[PDB]
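Novice: Sharing a structure with you now.
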Amino acid sequence: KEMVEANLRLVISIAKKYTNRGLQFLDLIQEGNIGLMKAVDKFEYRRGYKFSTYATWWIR
DNA sequence: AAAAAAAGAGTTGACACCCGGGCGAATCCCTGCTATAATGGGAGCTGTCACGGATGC
């Protein structure tokens, strides 16, 4: 929960690009939060040492 | 003065067929997985009053 709350503002930058496509802003933010919470479960010390590099794919 | 049959019924086999139910095969929907660094948002009035009511000290 702490890790998903620390990177909560990262999804707002990705959700801003997708707009006026049939979904409101809050719904897109909630979907991005779902994706981020689903991506935080699997994160090891792989080639990508930044959590954002692995979370952006799941959020998108 | 008499007396039997084309229809009218009644069937009996003989196809023609027409969707139904399976056997296939070919092909749709779902779901998840991608590893360099991405880190707070874009309209909208604002050129009608007037009434009738709801908060505040």
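Labels for the structure tokens follow display order: chains A, B, ..., residues from 1 in each chain, ligands from 1.
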Select residues of chain A: the criterion is any atom within 6 Å of an atom of chain B, counting only C-alpha atoms (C1' of nucleotides); output as a compact mmCIF listing (two decimals) with N, CA and C atoms, in the first residue's frame.
Specialist:
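The resulting file, out-v8.txt, is shown below:
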# COMPACT_ATOMS: atom_id res chain seq x y z
N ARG A 9 0.84 9.47 -8.15
CA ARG A 9 0.82 10.58 -9.09
C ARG A 9 1.42 10.22 -10.44
N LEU A 10 2.11 9.08 -10.56
CA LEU A 10 2.69 8.69 -11.84
C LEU A 10 1.61 8.36 -12.86
N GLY A 48 15.63 -3.22 -15.42
CA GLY A 48 14.99 -1.96 -15.09
C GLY A 48 14.91 -1.73 -13.60
N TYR A 54 8.82 -0.07 -15.29
CA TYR A 54 7.99 -1.27 -15.35
C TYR A 54 6.52 -0.98 -15.12
Novice: Near region 33-36 of chain A, counting only C-alpha atoms (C1' of nucleotides), which residues have an atom at most 10 Å away, once you skip same-chain residues fewer than 4 positions from it, shown as a PyMOL selection string?
Specialist: chain A and resi 3-5+7-12+15+27-29+40-41+52+54-60
Novice: Using backbone DSSP assignments, extract all alpha helix (DSSP H) residues from chain A; output them as an MDAnalysis selection string.
Specialist: chainID A and resid 2:6 10:17 25:39 51:59
Novice: By how many Å are CA of residue 38 (chain A) and CA of residue 51 (chain A) apart?
Specialist: 12.9 Å
